[PDB]
């Protein structure tokens, strides 16, 4: 019901593996005793926005937002009327200088990017309310590794945006000739001035996409 068919076709090889069944049991048990984000129907939103064949750009995240109403299955995104968190505000700030006509959309919902084939993938897909990293190393990492590996092996000329050391390690094995990799600091306030501000990843992405024979992302389409 909640897992997009084209993604299911290519990823379902994971589902019967011991780690996956165990993971499913862990999350189900957590939901019985705690509030877990995102809601069940939004754990796999990243599979719902575009066909797997139509992925053009991959932005790798770590943990889902752990505050009420924030996480909805796309890394960095928050649905209306939730205010964009500090990392997202910094993303928008960089966009405002990198993409000339980009102006703050007045909301944090990145669905418009996802629909264009910008994959917004967290490494860990659930979290206990108010407890950052609470579902770390429970099986999600292996599953999302499987996703990244599939894209690496089966797609062509993808642009991977790797922000922060965690994302960079996750993307370390990507074929740098088949795909394009851009790396910089995490857009969090604590690290944003260590490279993210002035990285110009968004304009650069579109240049690389043209070199891959592909039409650019409209970063304003939100």
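Numbering follows the first chain given and starts at 1. Take the two forms, superpose them, and find the largest set of C-alpha atoms that agree within 1.5 Å; that set is the rigid core.
Practice item. After fitting on the rigid core, pick out whichever of 170 to 178 or 150 to 158 shows the bigger RMS C-alpha deviation in 6 other deposited structures of this protein. Key: After superposing on the rigid core, the more displaced stretch in 6 other deposited structures of this protein is 170 to 178.
Review point. Which is farther from the shown form in 6 other deposited structures of this protein in C-alpha RMS with the core fitted, 130 to 138 or 68 to 76?
Key: Stretch with the larger root mean square C-alpha distance in 6 other deposited structures of this protein: 130 to 138.
Point to revise | Per the entry, higher mean C-alpha B factor between 99 to 107 and 116 to 124 | key: Taking the mean B-factor of the alpha carbons in each, 99 to 107 is higher.
Check your understanding: Out of 171 to 179 and 153 to 161, which one has CA B-factors that are higher on average in the deposited record?
Key -> So the stretch with the higher mean C-alpha B-factor is 171 to 179.
Review point. For residue 189, does the deposited CA B-factor place it in the lowest, middle or highest third of the chain?
Key: Its C-alpha B-factor belongs to the middle third of this chain's values.
Review point. What third of the chain, by the recorded C-alpha B-factor, contains residue 37?
Key: According to the entry, residue 37 has a C-alpha B-factor in the chain's lowest third.
Review point. Against its chain's modelled residues, does residue 93's Cα B factor rank lowest, middle or highest third?
Key: According to the entry, residue 93 has a C-alpha B-factor in the chain's middle third.
Check your understanding: If you rank every modelled residue in this chain by C-alpha B factor, which third holds residue 57: lowest, middle or highest?
Key -> Ranked within chain, residue 57 CA B lands in the lowest tercile.
Point to revise | Entry-reported Cα temperature factor of residue 134, expressed as the chain third it lands in | key: According to the entry, residue 134 has a C-alpha B-factor in the chain's middle third.
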